[PDB]
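>>> What shape does this take:
(one chain, ligands or ions: 1)
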Amino acid sequence: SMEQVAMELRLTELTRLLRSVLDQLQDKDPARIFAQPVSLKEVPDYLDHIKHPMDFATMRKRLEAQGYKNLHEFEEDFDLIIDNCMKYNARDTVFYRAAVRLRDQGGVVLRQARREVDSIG
Ligand code: NA
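Numbering: from 1, shown residues only. The coordinates are given below.
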């Protein structure tokens with residue numbers, strides 16, 4: 001049907017907007033602390049602490065599989081990156097401090113992407 005194609009043109013457009021958003025969020029992690037999953041060879045107990053790990057490459061794979069159905073799902077994954085890090089690491093660590101900075105700086109980007117997703121439909 002033509003109705004499923006017009007849908008898929010929009011999902012494709014949403015994928016295109018979210019790709020831009022992701023690149024801007026990741027530019028706020030120049031240390032690349034959140035780039036890749038936490039290593040289970042290096043932190044073997046990690047899953048005892050964190051039930052839903054998340055990182056930027058894992059979000060990218062989902063994105064390129066058009067697996068985000070809306071901005072809310074994308075944001076949830078971004079928040080997991082931050083919240084996991086803030087639980088697993090103590091307050092006086094470079095890791096915790098990096099997540100605080102990413103949250104604060106990411107807010108500006110997510111605020112404008114909310115408006116662009118509503119505006120464009
Ligand atoms: Na903690």
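>>> Now do the helices in the chain.
2-26, 46-49, 56-64, 71-88, 94-120 (DSSP state H).
>>> so which of those helices gets nearest residue 38?
Nearest to residue 38 among the helices of the chain is helix 46-49; the distance by C-beta to C-beta comes to 5.2 Å. Heads up, the C-betas are built off the backbone N, CA and C, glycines and all.
>>> what helices or strands is that closest one leaning on?
Contact partners of helix 46-49 among helices and strands, from 3 or more C-beta pairs under 8 Å, 6 or more residues apart in numbering; DSSP states H and E: helix 71-88.
>>> List the buried residues of the helix it packs on.
Of the residues in helix 71-88, 71, 74-75, 77-78, 80-86, 88 count as buried by neighbour count, 16 or more other C-beta atoms under 10 Å.
>>> Run the chain-centre distance for that helix.
7 Å (C-alpha atoms, centre = their mean, to the nearest Å).
>>> residues making contact with that helix?
Helix 71-88 is contacted by residues 14, 18, 21-22, 25, 33-34, 38, 46, 49-50, 52-56, 58-59, 62-63, 68, 95-96, 98-100, 102-103, 106, 110, 113-114, 117 when judged by C-beta atoms under 8 Å, 6 or more residues apart in numbering.
>>> Mark which of these are buried, thanks.
Buried members of the contacts of helix 71-88, scored by 16+ other C-beta under 10 Å, are 14, 18, 21-22, 25, 33-34, 38, 50, 53-56, 59, 62-63, 68, 96, 98-99, 102-103, 106, 110, 113, 117.
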